[PDB]
Every structure is written in structure tokens, then in C-alpha cells.
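Any read-out appearing in this document is the output of simple, stated calculations on the displayed coordinates, not a laboratory observation. Positions of Cβ are generated from backbone atoms using ideal geometry, with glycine treated the same way; all protein chains shown enter the neighbour counts.
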Ligand SMILES: [Cl-]
Ligand SMILES: [Cl-]
């Protein structure tokens, strides 16, 4: 357990009615057995992006375009979410979802190698990452140069390694791991 | 020990990632423990700092602040062109904060006042970050008085949201406010975050 099950149950009870887009995506994930960002985590992503007001958000790997949806909902047309996934299915699901909901205008989607393609970006304001898929150390070796001044690294599934300690021991980042969902590491570039 | 929030094992791990402690902060904890004053724990203060850095506020208002602990975290996160306005009825709180801030020089961007926290806070305008302690104030009441003082897209940060310094009244209220986007992060005693929609 990350947080007491009674606390988690309570926080869920306080939730508003779900967005049918999110409810629909949660069904597809469930059946295709695709892991996706839980709802408390997605809400945090949305909050963070609204506060941060990023111009560029990069998402290397995104099951059903789930993270991309939370981020897209948070930015205006003057900004962009760039999503890359190696599975054409995740990309086509995401595309249809964003198109249908009037957000495709601010989201760039590509089928391919996530970090391979993501590294072509510059001045990234928010870099999203899934610890279940990539090792932070590997990610930063290839992406640190793509980060904007005061960029925010958001790493999900951070609690459930060497990376959590490392990012917490370097002068160029202010890092904290919040116990939301499966743990979310937030690394702010100083 | 009280209402449990983060698993003890997880808590220990997160604490193990904490960097070497600032003696300023360490000096403040003990003083808090001797004057029996509740203060923001380190994981919580670090979250405050991070949120403030990404928010980039011009004005942060802290109505009520034991030993100036909250103001200390916020002061460190803002520019010389910005301000933290701290109000507390106790002269010892205000003086403790003045000293720390004078000592680190950040007194240059912090306004400290001895008085009624809400009475004085209510005179502020275009507040970017409004800090709040759920143990001391009825959130709904604070917001009914202060919403008018908030800047576009202000952020509300309410501590002791899940347990006393789980869950309480302001959580139920704020979650229903269609004018805010809210979430509760279960760090420390729980932290309620409310973003004021455009
Ligand atoms: Cl580049
Ligand atoms: Cl610290």
C-alpha cells in the first residue's frame, strides 16, 4: 500500500461524475487490458499543466492517448502536446478521441520509437514518463538537452529506484514524489 | 498513529530520499516542538515550494502561520519582484519569521503583520496563492470572504485536509465548486489544491 485504503476510498468518493470520454477510455483499457493512468493521477496531471501553462508537453509512450488527453484538456491552441507510441492502435485511438472532442488541433501524434522521436523536440516544458516502461536515467540521458528552462518532469508509477534517489541528489533539480496513484515523481528543473 | 495516510514503509522511503536538512528548518522544528506549535512537515513544505515555483506567483498570502513555516517555503520560491504577505495574531510567530527571513535576506520580499489573519488578508488583491490551514479555518467561510481577493487562475493550498495537524468539510465544499478544479494529494496530513478556473 502506498496510502491507507480508507484514504483512497474516501478520495474516490469525493470525485465528480466522470467525463464520458474518460469513462469510455477506461473500458477500452480494461478490455484490451492496456494499463492507463488512474483518475486521481490524471486529475493531478491536469492541475499541474494548468498551473505550469506549458507551451510544449511531450509524451513518449501513451496507452490509448490517456496522458495526452489530460494534458490536451489543459492547454490552449497556442500550445502543443506531442505524443509518440510504437503501437498504431494506441495512436489511432488517441487520434479519434482528440479529433472527436475538438482537441486534435493542439496535439501532434506519431507512431514510432518514443524516446527516439521525442528527442527531436526542443524546449520541452513538461516531459511525461512512465516508470513501468522506461528507466528515468535512460530517459534523461537522451532528453535532458530537450528540456526548457524550468521544465517539469512528471514520472508516473514511481513507487509501484536508483533513479528516484539520483534525481533527488542533483543540484539542478528540485524533486518530490507525491503519493498519488502509484506514486508520481515531480522533477522541476532549477 | 493518528489517522494513517501514507504507509509507514513508503513514508520512510520518501524521507530517505530527502536531502541533507537545512539547519534553518531543523532549528524551526525543535522550536515548534518546544512551543508546542503545529508546523508544515518537510514533504509538505517541499510540495509548497514546487507548486510555487511552477505557479510563478506575484502574490502569496498566508493568513496564520506558525513560526512563519509556510512563509519560509514560499519566500524561497519567489522573485524579488513578488511578495509573500504573512499575517498572524501572535507576535512571537511574526518575530520568529522576521528573524529567519532577515537572516537569509528574503525579508526583502516578505511582508509580515501581527493582526487578524482574514481581516487583513481581505484587504489584499489579485492573490495568486492563498495558503490555508483547515484546522484553523472553515474553508467555505474563508473562500466566501476571499474569493473576491483572488487573481485569475489563483491556486488555493489548504493543509491538514485529511487529518488534524480521514477528511473534512472544506473538501466536500470545494469539490462542488464548479469555479474550481480540485484534488487532494495525500502528502503529510493531506493537501487540498484548488485551481480557480478562467
Ligand atoms: Cl533538441
Ligand atoms: Cl528539504
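In the range A:123-131, the condition of being assigned to a loop (DSSP other than H, G, I, E, B) and under 17 Å from residue B:51 (Cα atoms) is met by no residue. Just one of the listed residues (A:124, A:117) is touching a helix residue (DSSP H, G or I) at 6+ places or on another chain (Cβ under 6 Å), within 28 Å of residue A:22 (Cβ to Cβ) and crowded, with 18+ Cβ neighbours inside 10 Å, and it is A:124. Out of the residues in the range B:173-190 meeting the condition of being in contact with a helix residue (DSSP H, G or I) (Cβ under 9 Å, 6 or more places away or on another chain) and within 9 Å of chain A (Cβ to nearest Cβ), tell me which one is farthest from residue B:13 (Cα to Cα). In this case the residue turns out to be B:181. Between A:83, A:143, the distinction of being closer than 18 Å to residue A:67 by Cβ, more than 16 Å from ligand 2 (Cβ to nearest atom), away from chain B (no Cβ under 14 Å) and assigned to a helix (DSSP H, G or I) belongs to A:143 only.
Using the structure shown, decide if residue A:182 is away from ligand 1 (no atom under 16 Å from the Cβ) and assigned to a loop (DSSP other than H, G, I, E, B). For residue A:182, the condition - away from ligand 1 (no atom under 16 Å from the Cβ) and assigned to a loop (DSSP other than H, G, I, E, B) - is met.
Answer with yes or no whether residue A:150 is in a strand (DSSP E or B) and over 12 Å from the mean Cα position of the chain (by Cα). If you could, list the steps in order and put the result at the bottom.
Numbers: in a strand (DSSP E or B): yes; over 12 Å from the mean Cα position of the chain (by Cα): yes.
When the stated conditions are applied, residue A:150 passes them.
In the set (1) facing chain A (nearest Cβ under 10 Å); (2) within 13 Å of ligand 2 (Cβ to nearest atom), the condition left unmet by residue B:25 is number (1). Considering the conditions (1) under 23 Å from residue A:46 (Cβ atoms); (2) in a helix (DSSP H, G or I); (3) within 16 Å of ligand 1 (Cβ to nearest atom); (4) more than 15 Å from the chain's Cα centre (by Cα), residue A:96 is excluded by exactly one of them, (3).
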